[PDB]
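Next up is one chain by itself, shown in structure tokens, the form deposited in one PDB entry.
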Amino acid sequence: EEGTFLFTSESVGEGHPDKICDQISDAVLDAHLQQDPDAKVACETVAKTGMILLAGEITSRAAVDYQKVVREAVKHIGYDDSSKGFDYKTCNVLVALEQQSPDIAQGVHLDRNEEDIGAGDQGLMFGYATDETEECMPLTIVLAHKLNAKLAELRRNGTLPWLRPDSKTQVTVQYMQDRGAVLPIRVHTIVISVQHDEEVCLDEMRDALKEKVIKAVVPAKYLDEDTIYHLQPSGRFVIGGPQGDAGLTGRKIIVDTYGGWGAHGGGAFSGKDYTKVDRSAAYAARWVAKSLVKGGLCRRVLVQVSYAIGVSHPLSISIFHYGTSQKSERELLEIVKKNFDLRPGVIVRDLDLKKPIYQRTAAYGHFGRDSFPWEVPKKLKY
């Protein structure tokens, strides 16, 4: 119908090779933070057949056993046997980690008061919130994440023992306009691809994916006789994980955020401590956006911030409310400036960003879940 449109988002499972890397990078970060809350961490992970490589820069007082940390993360994901294509017990773990560049350290944080630490890099970051779900997230990405979580649940509980950890999902929703906001109408198309054992047949998989995965996740009111299902569309997915496709940290940044809604500034989250504004300022911007929506000021909002390396205050803060506020964007920006301090050395205090909770963020999206500090709205004064 006129005024309607389709929009698609995707998500991936815990054993998707890029997500393996994000989780390992954040397991490394958490291990450092457990011993040194001020650790400077920039840990990239690369995964291919039989290999996890850590590359990057860490300056920390912690003593971290990288072999143990990496292998325990892979064990948790479920890659525990050569029959599955990857095994935490027997893979190669290679480490190419150096100290943080002293030139960066001197320009960012050396001899600086914590509240006045400089941004760890330049960059731009966005925060988004939408009233279309209680958790202020787009329905497309929420459903896509939940489909992957359901696969992992049914794998771990033994219901569908042919499942393996590598999966991808994609959800297309038909939306209608509503005064600048968007309203989901129906699910138009669902894709699910998941790695599987050599014995199970395609028809058994497709039936299970429809009846035990989709129907257990997606409300029936969104599904109808016209909904299109692409279930195991490649026909065979026995080879998977890093053996099927190289993984790298920071290659699922749209899955990690809003599924394509809002906007993205390009920076990856995993493997980075709070001085890297790619993560901390994106978390703070989500917190601002969600606070504006939960505060009743907007129904939908996009916030941009930006930084220069070594400079503590943002270079720019901007807000767009899609026509969903009675207040001008100028007024909302004044409210934001009166209620939030987006220096990284203040964000760290407000969002408790030295705490080792980051591995938990590294699958199923960083936003919309589990009442992390950036998901608890701030009560606004104005």
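Residue positions are given as counts along the sequence shown, with the first one as 1.
One more form of this protein exists, namely the form solved in complex with a small molecule; it is left out here, but the text below deals with it.
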If we test each of 146, 76, 210, 112 for a heavy atom within 4.5 Å of the small molecule in the entry with it bound, the one that passes is 146
Of these, 293, 152, 142, 117, which has a heavy atom no more than 4.5 Å from the small molecule in the entry with it bound? 142
What stretch, of 134 to 142, 80 to 88, 222 to 230, 199 to 207, brings heavy atoms to within 4.5 Å of the small molecule in the entry with it bound? 134 to 142
Within 4.5 Å, heavy atoms only: does residue 367 come near the small molecule in the entry with it bound? yes
